[PDB]
Amino acid sequence: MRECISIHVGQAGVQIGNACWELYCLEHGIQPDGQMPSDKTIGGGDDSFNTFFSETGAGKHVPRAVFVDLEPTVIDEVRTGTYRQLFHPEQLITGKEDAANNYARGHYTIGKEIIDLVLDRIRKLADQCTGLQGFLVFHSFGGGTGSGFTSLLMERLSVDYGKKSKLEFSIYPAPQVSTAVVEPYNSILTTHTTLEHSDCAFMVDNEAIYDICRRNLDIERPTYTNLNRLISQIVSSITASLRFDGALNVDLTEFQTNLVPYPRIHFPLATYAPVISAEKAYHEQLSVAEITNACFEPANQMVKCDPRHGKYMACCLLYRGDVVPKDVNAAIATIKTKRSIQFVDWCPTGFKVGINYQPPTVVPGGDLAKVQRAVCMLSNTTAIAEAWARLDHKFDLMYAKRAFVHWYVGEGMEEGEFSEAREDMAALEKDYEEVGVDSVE
Amino acid sequence: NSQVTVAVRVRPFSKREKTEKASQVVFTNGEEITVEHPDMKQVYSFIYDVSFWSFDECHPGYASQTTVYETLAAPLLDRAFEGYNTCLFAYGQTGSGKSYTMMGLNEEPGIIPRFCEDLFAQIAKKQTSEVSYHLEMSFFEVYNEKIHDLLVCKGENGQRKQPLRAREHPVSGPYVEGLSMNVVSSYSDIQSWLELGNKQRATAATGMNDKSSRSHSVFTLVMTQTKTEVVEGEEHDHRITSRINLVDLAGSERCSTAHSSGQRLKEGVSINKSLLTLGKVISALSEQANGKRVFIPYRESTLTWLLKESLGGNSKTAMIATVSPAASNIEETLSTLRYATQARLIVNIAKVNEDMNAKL
Amino acid sequence: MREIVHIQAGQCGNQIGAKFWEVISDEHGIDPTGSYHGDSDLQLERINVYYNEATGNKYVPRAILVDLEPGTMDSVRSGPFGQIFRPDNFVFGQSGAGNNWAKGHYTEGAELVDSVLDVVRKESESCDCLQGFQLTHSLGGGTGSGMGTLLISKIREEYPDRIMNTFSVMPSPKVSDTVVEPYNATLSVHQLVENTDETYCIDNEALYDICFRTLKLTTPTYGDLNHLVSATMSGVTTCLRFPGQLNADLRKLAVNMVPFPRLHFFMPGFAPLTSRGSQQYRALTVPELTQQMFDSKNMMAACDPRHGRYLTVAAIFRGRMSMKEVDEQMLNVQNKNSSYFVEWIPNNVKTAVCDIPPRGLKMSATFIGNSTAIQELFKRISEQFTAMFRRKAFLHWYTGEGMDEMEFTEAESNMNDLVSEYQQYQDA
Ligand SMILES: CC(=O)O[C@H]1C(=O)[C@@]2(C)[C@H]([C@H](OC(=O)c3ccccc3)[C@]3(O)C[C@H](OC(=O)[C@H](O)[C@@H](NC(=O)c4ccccc4)c4ccccc4)C(C)=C1C3(C)C)[C@]1(OC(C)=O)CO[C@@H]1C[C@@H]2O
Ligand SMILES: Nc1nc2c(ncn2[C@@H]2O[C@H](COP(=O)(O)OP(=O)(O)OP(=O)(O)O)[C@@H](O)[C@H]2O)c(=O)[nH]1
Ligand SMILES: Nc1nc2c(ncn2[C@@H]2O[C@H](COP(=O)(O)OP(=O)(O)O)[C@@H](O)[C@H]2O)c(=O)[nH]1
Ligand SMILES: [Mg+2]
């Protein structure tokens, strides 16, 4: 049956996964202690689905996910935390030293003798299921553990497993904000190595969610939990198709097709429309027109990239809850009726739709509110060239003085490698400005 | 003055290669240089000041070793007589035949023996009773940031290295402490010494090829010029000194492919650091050329630091790089050009200067 | 699972360690017997970073001492926390160098260095995986400089893959507690810019002015001036000993902050430092710390930073916080004061955060920074140096141990050259 391996890496991926599973478990009716009071009381139902949750004869459920690092301060937080007696204690640590936020230690000096354990567990998980294997790998640019290890793993899984769907809910570098001074390098190299193997690679950012949380929810003092729950609800808004049942479902092989025209252009964005608190949950209708208009607002985006200076090459919408599809079609028509938006000439269709019957849910202690519907948007657009044109300009400066390098060459790298990626990235920029030209006859 | 003058060469196919029909890729349009990835996706373009050609023996503008010497070496031999130190570099990965360009063979001699022979010739032209010329030699290497000697033998016990130091006199710059210096008059003699040096060089076979290098190699030739004879009594109030430094360098050595940990990896790391710092030094010299004042990171490496008087100041330099045209070896080849992109010394630069109003 | 060693030379290093172990023991729940009387399990999950274990749940540290005179030894042992240390680790000799660098790099240290390394190897091999080494050594004077530099050289010939780090006091302009500071200090920098990954300059004058102005203390003492250095040291590894929403380590702070390797001389800083009455008249928020940290007066170098720009800086906050507020304040700092920052680096700040705060506060912070304004310090020493060497003032005590004028001249260049590098970026 349909299944999906999940592979978290780095402090971003694991702090995200501890929310994704907190949500997945609360949806399917599970307690953190493995067992199932819910279906114990129902005496039936597949609801603890075999898509994510493997199942033993003893009633205990074990999820199909692994996660890694080379700094055990995280995984110990799991092993002691609330969720210790759920996951498989093959939580692969080799925490003998970190990656020093360089691509070199993560992809070569401490990327050797360690990767094989991960490949062994991945095979152990695949051979348990005779079904679909769409990968989800949650990493983050900049860091070494989340750039280099990922860059090594994808190029190897493309060799062992070949033609399967591989995805990435990666994190992007904020242009102004940063928690580092090497993100540009560690990002451009990763893009070069993962332009080819991967199929799609979604992208989010840390600044836009900050600005959201100050704007709508009236939150004053965020943390690094509240954002991750929004990432987790996004992921749920996707995976509802594979788990649950409803009108128009979208498997993982569909996202890679509908949204990746050329092999090299597979770097979309993302959005969740309703973001509200217990106070603003009232005082609002929450129709479908309101939502599908909000999805294309500049502010409700999740990367600081003005789309009005760009064009939408393709788009996919995934809804939840009680929905009436003529409202959806009316919304799409109202959208194409507008003029601020500009679709290309070679895609007058553009849109895709997927519907599911389940509502969303709530993580108690959270800012979001109980509702009766919700929506997610994903777009392959062209404004994001700007968010690459800045990065190379954050690159060409430093490399002009061969700075912040001596460590990198010190862990087994050739400097000329930089001078390749700058080209393979620049070519990419040309593509996002080649297609924007409309054809001529 | 600043006289970088980087060059690039293109070898021919081998006999083995022409049997296997190595697909040509690297092309020219004269001075400009182009390359075409066999996917036919993009065309990279590289310019240099000078461009040689040794692929077709019939084409116009053919680069035979006579041309190489007569274009690059002669200014060095000339300037050394004026009393200035000079240096010559060499880049190139294994298989590009640096051995063919520098040393050469008995039927097509390279650079080294030609330079030495012309030095001998001009010596025997200027040799009078008024003027004398003394030539002294030396040879060392660099490996894991240490220094060794090669001319000198060692103890037949084991790996009896030669630990040496680098120190700084306040006048003549840096030197080595413990070094062997020798005297020369015969070209056959320096050939003997050079063989004795190249034998003990630090190397190690790999999966790529047995004959590969892991250590940079300096060949130093000190010249002397004694003329000062006081008209009222023999007296050397001064004598001019001028240095020549040839050096052979190793490759870039990407280590994510040649994954053989231990010492083979811990030596390539230092090698690449040295290459990086040398590149920074030359990129700084190209700006020193333009009258602007800047810093130079001389002390950041070793091979830069035993060259400080010969590289900078009123000193003429050079560099060349052998390559391979066979499309099977594009990756290494690309770096073998991407290191030497100093052709754009000062192009597309902004200017804001206001020091006018020089009047009454 | 990773590790840090501690070496302690001279008088300064020993009297500092005697307060650093006093602060770490107070955070991990330790008592003078070396036993445990903590409250939370969370203090013991990573106690194996600084401390070893023992038979009966006693905990004993990886501390090593050097000094070439026992005048400090009995001062430690006859104290509150001078008895947990391993008596096999209290190395010493006799006949101290007397503030002569030559007597502490050539003659006596040459007798004692192997006896030091015989213990360093024991304390290394007994670890599982190693990270880097720590040290606490003054300059200007003798023992801590000479023997410390020698230890650094021997180690980084032995163990180069790993890290090295020092917390070195420096001389000061107004008053000197030794008449031959410049000479010994220059000779120390000649062998510490090459063989180091980071070193943290501290200056006694800055601590004095701090303790006079902010805390408004009347009867200070060296033992309480050292309380700020222990604080900083503690904060630097708080990313390693504890959890954190955005963890860090030593090597991360090394890569991010050291663009070219030779410029690895820092300028530290701690916050929130306040008086015993004036804590009621303040608030604990991120900006209340951020305005205090980039101030000129909560620094420890005796170097006005606003005479120059900052190549890069860092920060380690501690407490339940809001990262948005942190990153926003750092954005505004890079905005308003661009002239004090560099243009050819786009983001001259990073961050690092831990969620397990100190014993008595709800919030704390350390600040680290690689500034150009250290330039004016070295301009002094060379100046102070060269006029003395123009006349060979105190030379013969140094030539009387098998040395040469050459060894000084080199060092001078290696400082002046370094100075020039900084000036390359002092202008726009
Ligand atoms: C009861 C109480 O909370 O009073 C505070 C206090 O008044 C202040 C002034 C403390 C006090 O600090 C000083 O007395 C002091 C004076 C001059 C120079 C250095 C220290 C305090 O003594 C210091 C002490 O700080 C700590 O406990 C930290 O854990 C500190 N460790 C120790 O002080 C300590 C040292 C030896 C043995 C046991 C504990 C520390 C700081 C950073 C990292 C690790 C540990 C505390 C809370 C206070 C007193 C006790 C008054 C302050 O301490 C520090 C370094 O942050 C001085 O400024 C803070 C702000 C506090 O308000
Ligand atoms: N959204 C989100 N991002 C996080 C979180 N924690 C860390 N990050 C991101 O992590 C990035 C820092 O580099 P990382 O990807 O964390 O690298 P790492 O996990 O430390 O792994 P190493 O670099 O090897 O140490 C920053 O861009 C942060 O935004 C989190 O909890 N939520
Ligand atoms: N901050 C601080 N510095 C000290 C202390 N004791 C000594 N020093 C410094 O240490 C230097 C003396 O050098 P010293 O270590 O005695 O040389 P040694 O005798 O060879 O060990 C002086 O410059 C002081 O500034 C102290 O208790 N606190
Ligand atoms: Mg990490």
# chains A, B, ... in the order shown; residues from 1 in each chain; ligands from 1
$ interface_residues --of "chain A" --to "chain C" --cutoff "9 Å" --atoms "only C-alpha atoms" --output "number ranges by chain"
A: 11-12, 15, 71-74, 77, 94-102, 176-182, 207, 210, 220-224, 394, 397-398, 402-407
$ write_last_selection --atoms "N, CA and C atoms" --output "CSV table (one decimal), in the first residue's frame"
chain,number,residue,atom,x,y,z
A,11,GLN,N,19.1,20.3,13.1
A,11,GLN,CA,18.3,20.9,14.2
A,11,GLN,C,17.0,21.5,13.7
A,12,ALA,N,17.0,21.8,12.4
A,12,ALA,CA,15.7,22.3,11.8
A,12,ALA,C,14.8,21.1,11.6
A,15,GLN,N,13.5,19.4,15.1
A,15,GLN,CA,12.6,20.3,15.8
A,15,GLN,C,11.3,20.5,15.0
A,71,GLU,N,25.3,16.0,16.4
A,71,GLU,CA,25.4,16.8,17.6
A,71,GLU,C,24.2,16.3,18.5
A,72,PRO,N,24.5,15.4,19.5
A,72,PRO,CA,23.3,14.7,20.1
A,72,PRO,C,22.5,15.5,21.1
A,73,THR,N,22.7,16.8,21.1
A,73,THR,CA,21.9,17.6,22.0
A,73,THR,C,20.4,17.6,21.7
A,74,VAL,N,20.1,17.2,20.4
A,74,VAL,CA,18.7,17.2,19.9
A,74,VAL,C,18.1,15.9,20.3
A,77,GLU,N,17.0,15.1,23.5
A,77,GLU,CA,15.8,15.8,23.9
A,77,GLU,C,14.6,15.0,23.5
A,94,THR,N,26.0,9.9,15.2
A,94,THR,CA,27.4,9.7,15.2
A,94,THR,C,28.0,11.0,15.7
A,95,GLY,N,27.5,11.5,16.9
A,95,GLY,CA,27.7,12.8,17.3
A,95,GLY,C,29.1,13.0,17.9
A,96,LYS,N,30.1,12.7,17.1
A,96,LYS,CA,31.5,12.8,17.5
A,96,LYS,C,32.0,14.2,17.3
A,97,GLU,N,31.4,15.0,16.4
A,97,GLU,CA,31.7,16.4,16.2
A,97,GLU,C,30.7,16.9,15.2
A,98,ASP,N,30.4,18.2,15.3
A,98,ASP,CA,29.5,18.8,14.4
A,98,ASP,C,30.1,19.1,13.1
A,99,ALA,N,29.3,19.8,12.2
A,99,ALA,CA,29.8,20.1,10.9
A,99,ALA,C,30.4,21.5,10.8
A,100,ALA,N,30.4,22.3,11.9
A,100,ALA,CA,31.1,23.5,11.9
A,100,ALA,C,30.5,24.5,11.0
A,101,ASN,N,29.3,24.3,10.6
A,101,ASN,CA,28.6,25.0,9.5
A,101,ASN,C,29.5,25.2,8.3
A,102,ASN,N,30.1,24.1,7.9
A,102,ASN,CA,30.7,24.0,6.5
A,102,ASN,C,30.2,22.7,5.8
A,176,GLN,N,17.8,39.6,4.7
A,176,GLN,CA,18.3,40.4,5.8
A,176,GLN,C,18.7,39.6,7.0
A,177,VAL,N,17.8,38.9,7.6
A,177,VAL,CA,18.0,38.1,8.8
A,177,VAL,C,19.0,36.9,8.5
A,178,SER,N,19.8,36.6,9.4
A,178,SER,CA,20.6,35.4,9.4
A,178,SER,C,21.0,35.0,10.8
A,179,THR,N,21.3,33.7,11.0
A,179,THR,CA,21.9,33.2,12.2
A,179,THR,C,23.3,32.7,11.8
A,180,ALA,N,23.9,33.2,10.7
A,180,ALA,CA,25.1,32.7,10.2
A,180,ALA,C,25.7,33.7,9.3
A,181,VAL,N,27.0,33.5,8.9
A,181,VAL,CA,27.7,34.3,8.0
A,181,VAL,C,28.4,33.5,6.9
A,182,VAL,N,27.9,32.3,6.7
A,182,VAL,CA,28.3,31.5,5.6
A,182,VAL,C,27.2,30.8,4.8
A,207,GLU,N,11.8,34.5,8.0
A,207,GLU,CA,11.4,35.9,8.2
A,207,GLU,C,10.0,36.1,8.0
A,210,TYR,N,7.8,35.0,10.9
A,210,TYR,CA,7.9,36.1,11.9
A,210,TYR,C,6.9,37.2,11.6
A,220,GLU,N,3.2,38.7,20.2
A,220,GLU,CA,4.2,39.6,20.5
A,220,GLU,C,5.6,39.0,20.6
A,221,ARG,N,5.7,37.8,21.1
A,221,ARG,CA,6.9,37.1,21.6
A,221,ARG,C,6.9,35.7,21.0
A,222,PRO,N,7.2,35.5,19.7
A,222,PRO,CA,7.3,34.2,19.2
A,222,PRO,C,8.4,33.3,19.8
A,223,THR,N,8.5,32.1,19.3
A,223,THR,CA,9.6,31.2,19.6
A,223,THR,C,9.9,30.4,18.3
A,224,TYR,N,10.6,29.3,18.5
A,224,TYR,CA,10.9,28.4,17.4
A,224,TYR,C,10.1,27.1,17.5
A,394,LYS,N,25.7,38.1,-2.7
A,394,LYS,CA,26.3,37.8,-1.4
A,394,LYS,C,27.5,36.8,-1.5
A,397,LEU,N,31.0,38.8,-3.8
A,397,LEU,CA,31.8,39.7,-3.0
A,397,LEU,C,32.9,38.9,-2.2
A,398,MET,N,32.5,38.1,-1.3
A,398,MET,CA,33.4,37.3,-0.5
A,398,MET,C,34.4,36.6,-1.3
A,402,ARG,N,38.7,35.7,-1.6
A,402,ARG,CA,38.9,34.3,-1.2
A,402,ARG,C,38.8,34.3,0.4
A,403,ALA,N,37.6,34.6,0.9
A,403,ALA,CA,37.4,34.6,2.4
A,403,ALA,C,36.5,33.5,2.8
A,404,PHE,N,36.7,33.2,4.1
A,404,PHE,CA,36.0,32.1,4.8
A,404,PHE,C,36.2,30.8,4.2
A,405,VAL,N,37.4,30.6,3.5
A,405,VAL,CA,37.6,29.4,2.7
A,405,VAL,C,38.5,28.5,3.4
A,406,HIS,N,39.6,29.0,4.1
A,406,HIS,CA,40.7,28.2,4.6
A,406,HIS,C,40.2,27.0,5.4
A,407,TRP,N,39.2,27.1,6.1
A,407,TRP,CA,38.6,25.9,6.8
A,407,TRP,C,38.1,24.9,5.7
$ interface_residues --of "chain A" --to "chain B" --cutoff "8 Å" --atoms "only C-alpha atoms" --output "list in words"
residues 108, 401, 402, 406, 409, 410, 411, 412, 413, 414, 415, 416, 417 and 419 of chain A
$ residues_near_ligand --ligand "ligand 1" --cutoff "10 Å" --atoms "only C-alpha atoms and all ligand atoms" --output "MDAnalysis selection string"
chainID C and resid 18:27 207:208 210:212 214:217 220:236 238 270:280 318 357:366
$ residues_around --residues "segment 345-358 of chain B" --least-positions-apart "5" --cutoff "9 Å" --atoms "only C-alpha atoms" --output "list in words"
residues 283, 286, 287, 289 and 290 of chain B
$ residues_near_ligand --ligand "ligand 3" --cutoff "9 Å" --atoms "only C-alpha atoms and all ligand atoms" --output "PyMOL selection string"
chain C and resi 9-16+67-69+96-101+104+137-147+169-172+176-178+181+202-204+207+221-226+229
$ write_last_selection --atoms "C-alpha atoms" --output "PDB file, in the first residue's frame"
ATOM      1  CA  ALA C   9      49.793  28.343  33.645  1.00  0.00           C
ATOM      2  CA  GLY C  10      51.317  31.128  35.660  1.00  0.00           C
ATOM      3  CA  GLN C  11      49.774  32.994  38.548  1.00  0.00           C
ATOM      4  CA  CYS C  12      46.946  34.456  36.483  1.00  0.00           C
ATOM      5  CA  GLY C  13      45.764  31.202  34.983  1.00  0.00           C
ATOM      6  CA  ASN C  14      45.720  29.488  38.347  1.00  0.00           C
ATOM      7  CA  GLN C  15      43.871  32.252  40.168  1.00  0.00           C
ATOM      8  CA  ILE C  16      41.378  32.366  37.300  1.00  0.00           C
ATOM      9  CA  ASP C  67      53.467  26.721  37.427  1.00  0.00           C
ATOM     10  CA  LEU C  68      57.236  26.913  37.817  1.00  0.00           C
ATOM     11  CA  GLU C  69      57.007  28.070  41.418  1.00  0.00           C
ATOM     12  CA  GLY C  96      60.997  30.447  38.386  1.00  0.00           C
ATOM     13  CA  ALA C  97      62.001  32.378  35.303  1.00  0.00           C
ATOM     14  CA  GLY C  98      61.660  35.800  36.890  1.00  0.00           C
ATOM     15  CA  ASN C  99      59.647  37.367  34.083  1.00  0.00           C
ATOM     16  CA  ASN C 100      62.314  36.377  31.539  1.00  0.00           C
ATOM     17  CA  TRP C 101      60.744  34.725  28.507  1.00  0.00           C
ATOM     18  CA  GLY C 104      60.534  29.858  30.251  1.00  0.00           C
ATOM     19  CA  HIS C 137      47.791  32.357  30.289  1.00  0.00           C
ATOM     20  CA  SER C 138      48.956  35.902  30.808  1.00  0.00           C
ATOM     21  CA  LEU C 139      51.371  37.686  28.517  1.00  0.00           C
ATOM     22  CA  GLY C 140      53.973  40.291  29.328  1.00  0.00           C
ATOM     23  CA  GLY C 141      55.185  38.209  32.239  1.00  0.00           C
ATOM     24  CA  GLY C 142      57.070  34.937  32.141  1.00  0.00           C
ATOM     25  CA  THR C 143      55.842  31.442  32.929  1.00  0.00           C
ATOM     26  CA  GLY C 144      52.337  31.655  31.517  1.00  0.00           C
ATOM     27  CA  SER C 145      53.657  33.109  28.277  1.00  0.00           C
ATOM     28  CA  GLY C 146      56.754  31.031  27.615  1.00  0.00           C
ATOM     29  CA  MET C 147      55.650  27.637  28.876  1.00  0.00           C
ATOM     30  CA  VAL C 169      45.210  38.690  29.586  1.00  0.00           C
ATOM     31  CA  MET C 170      47.116  41.485  27.881  1.00  0.00           C
ATOM     32  CA  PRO C 171      49.086  44.517  29.050  1.00  0.00           C
ATOM     33  CA  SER C 172      47.585  47.987  29.338  1.00  0.00           C
ATOM     34  CA  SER C 176      52.147  48.128  33.737  1.00  0.00           C
ATOM     35  CA  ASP C 177      52.561  45.519  36.449  1.00  0.00           C
ATOM     36  CA  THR C 178      55.828  44.489  34.768  1.00  0.00           C
ATOM     37  CA  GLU C 181      55.729  43.564  29.045  1.00  0.00           C
ATOM     38  CA  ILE C 202      41.317  40.595  28.174  1.00  0.00           C
ATOM     39  CA  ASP C 203      42.720  43.731  29.775  1.00  0.00           C
ATOM     40  CA  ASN C 204      42.786  44.544  33.455  1.00  0.00           C
ATOM     41  CA  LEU C 207      37.566  45.388  34.276  1.00  0.00           C
ATOM     42  CA  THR C 221      39.888  42.751  44.263  1.00  0.00           C
ATOM     43  CA  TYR C 222      41.428  40.527  41.642  1.00  0.00           C
ATOM     44  CA  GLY C 223      39.329  37.604  42.838  1.00  0.00           C
ATOM     45  CA  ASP C 224      36.100  39.492  41.918  1.00  0.00           C
ATOM     46  CA  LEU C 225      37.567  40.946  38.678  1.00  0.00           C
ATOM     47  CA  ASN C 226      38.062  37.289  37.688  1.00  0.00           C
ATOM     48  CA  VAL C 229      36.186  36.130  33.036  1.00  0.00           C
TER      49      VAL C 229
END
$ residues_around --residues "residue 33 of chain A" --least-positions-apart "5" --cutoff "12 Å" --atoms "only C-alpha atoms" --output "list in words"
residues 25, 59, 60, 61, 62, 81, 82, 83, 84, 85, 86 and 87 of chain A
$ write_last_selection --atoms "C-alpha atoms" --output "PDB file, in the first residue's frame"
ATOM      1  CA  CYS A  25      -0.560  11.337  16.176  1.00  0.00           C
ATOM      2  CA  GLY A  59      -1.253  -3.264  19.110  1.00  0.00           C
ATOM      3  CA  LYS A  60       1.722  -0.894  19.280  1.00  0.00           C
ATOM      4  CA  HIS A  61       2.404   1.529  16.447  1.00  0.00           C
ATOM      5  CA  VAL A  62       5.849   2.582  15.271  1.00  0.00           C
ATOM      6  CA  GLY A  81      11.053  13.997  26.048  1.00  0.00           C
ATOM      7  CA  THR A  82       7.397  13.069  25.969  1.00  0.00           C
ATOM      8  CA  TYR A  83       7.837  10.864  22.888  1.00  0.00           C
ATOM      9  CA  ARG A  84      10.627   8.564  24.037  1.00  0.00           C
ATOM     10  CA  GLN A  85       8.709   5.286  23.946  1.00  0.00           C
ATOM     11  CA  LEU A  86       7.301   5.683  20.426  1.00  0.00           C
ATOM     12  CA  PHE A  87      10.066   5.865  17.852  1.00  0.00           C
TER      13      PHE A  87
END
$ residues_around --residues "residue 36 of chain A" --least-positions-apart "4" --cutoff "12 Å" --atoms "only C-alpha atoms" --output "JSON, numbers by chain"
{"A": [25, 26, 28, 29, 30, 31, 32, 40, 41, 42, 43, 44, 45, 46, 47, 48, 53, 55, 56, 58, 59, 60, 61, 62, 86]}
$ write_last_selection --atoms "N, CA and C atoms" --output "CSV table (one decimal), in the first residue's frame"
chain,number,residue,atom,x,y,z
A,25,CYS,N,0.0,12.2,15.2
A,25,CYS,CA,-0.6,11.3,16.2
A,25,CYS,C,-1.9,11.8,16.7
A,26,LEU,N,-2.0,13.1,16.9
A,26,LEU,CA,-3.3,13.7,17.4
A,26,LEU,C,-4.4,13.6,16.3
A,28,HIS,N,-4.7,10.9,14.0
A,28,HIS,CA,-5.1,9.5,13.8
A,28,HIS,C,-5.6,8.8,15.1
A,29,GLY,N,-5.7,9.6,16.2
A,29,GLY,CA,-6.2,9.0,17.4
A,29,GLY,C,-5.2,8.1,18.1
A,30,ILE,N,-4.1,8.6,18.6
A,30,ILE,CA,-3.0,7.9,19.2
A,30,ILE,C,-2.6,8.7,20.5
A,31,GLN,N,-2.1,7.9,21.5
A,31,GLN,CA,-1.4,8.5,22.6
A,31,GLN,C,0.1,8.3,22.4
A,32,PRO,N,0.9,9.2,23.0
A,32,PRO,CA,2.3,9.1,22.8
A,32,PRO,C,3.0,7.8,23.2
A,40,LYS,N,-8.9,0.9,20.2
A,40,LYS,CA,-9.3,-0.1,21.3
A,40,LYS,C,-10.7,0.0,21.7
A,41,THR,N,-11.3,1.2,21.6
A,41,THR,CA,-12.7,1.5,21.9
A,41,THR,C,-13.6,1.3,20.7
A,42,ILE,N,-13.1,1.5,19.5
A,42,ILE,CA,-13.9,1.3,18.3
A,42,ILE,C,-13.9,-0.2,17.9
A,43,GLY,N,-12.8,-0.9,18.2
A,43,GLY,CA,-12.7,-2.2,17.7
A,43,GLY,C,-12.6,-2.4,16.2
A,44,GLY,N,-12.2,-1.4,15.5
A,44,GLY,CA,-12.1,-1.5,14.1
A,44,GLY,C,-11.5,-0.2,13.5
A,45,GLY,N,-11.4,-0.2,12.2
A,45,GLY,CA,-10.9,1.0,11.5
A,45,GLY,C,-9.4,0.9,11.2
A,46,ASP,N,-9.0,1.3,10.0
A,46,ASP,CA,-7.6,1.3,9.6
A,46,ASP,C,-6.9,2.6,10.0
A,47,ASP,N,-7.6,3.5,10.7
A,47,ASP,CA,-7.3,5.0,10.8
A,47,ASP,C,-5.8,5.2,11.2
A,48,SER,N,-5.2,4.3,12.0
A,48,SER,CA,-3.8,4.4,12.2
A,48,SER,C,-3.1,3.8,11.0
A,53,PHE,N,2.6,4.8,9.8
A,53,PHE,CA,2.7,4.1,11.0
A,53,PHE,C,2.7,2.6,10.7
A,55,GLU,N,2.8,-1.2,12.1
A,55,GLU,CA,2.0,-1.8,13.2
A,55,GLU,C,2.4,-3.2,13.5
A,56,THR,N,2.5,-3.5,14.8
A,56,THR,CA,2.8,-4.8,15.3
A,56,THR,C,1.6,-5.6,15.7
A,58,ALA,N,1.1,-6.7,18.6
A,58,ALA,CA,0.8,-6.3,20.0
A,58,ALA,C,0.1,-5.0,20.1
A,59,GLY,N,-0.5,-4.5,19.0
A,59,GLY,CA,-1.3,-3.3,19.1
A,59,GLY,C,-0.4,-2.0,19.1
A,60,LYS,N,0.9,-2.1,19.2
A,60,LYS,CA,1.7,-0.9,19.3
A,60,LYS,C,2.1,-0.4,17.9
A,61,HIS,N,2.2,0.9,17.7
A,61,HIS,CA,2.4,1.5,16.4
A,61,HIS,C,3.7,2.3,16.5
A,62,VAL,N,4.5,2.1,15.4
A,62,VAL,CA,5.8,2.6,15.3
A,62,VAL,C,6.0,3.3,13.9
A,86,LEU,N,8.0,5.8,21.7
A,86,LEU,CA,7.3,5.7,20.4
A,86,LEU,C,8.2,5.3,19.3
$ residues_around --residues "residue 31 of chain C" --least-positions-apart "2" --cutoff "10 Å" --atoms "only C-alpha atoms" --output "list in words"
residues 22, 25, 26, 28, 29, 33, 34, 35, 36, 37, 38, 58, 59, 80, 81 and 84 of chain C
$ select_by_dssp --residues "segment 65-125 of chain B" --states "helix (DSSP H, G or I)" --output "ChimeraX atom specification"
/B:65-82,98-101,112-125
$ interface_residues --of "chain B" --to "chain C" --cutoff "10 Å" --atoms "only C-alpha atoms" --output "PyMOL selection string"
chain B and resi 167-170+174+266+293-300
$ atom_distance --atom1 "atom CA of residue 156 of chain C" --atom2 "atom CA of residue 143 of chain B"
16.7 Å
$ select_by_dssp --residues "segment 288-426 of chain C" --states "strand (DSSP E)" --output "ChimeraX atom specification"
/C:310-318,353-354,364-371
$ atom_distance --atom1 "atom CA of residue 106 of chain A" --atom2 "atom 1 (Mg, counted along the ligand's line) of ligand 4"
9.9 Å
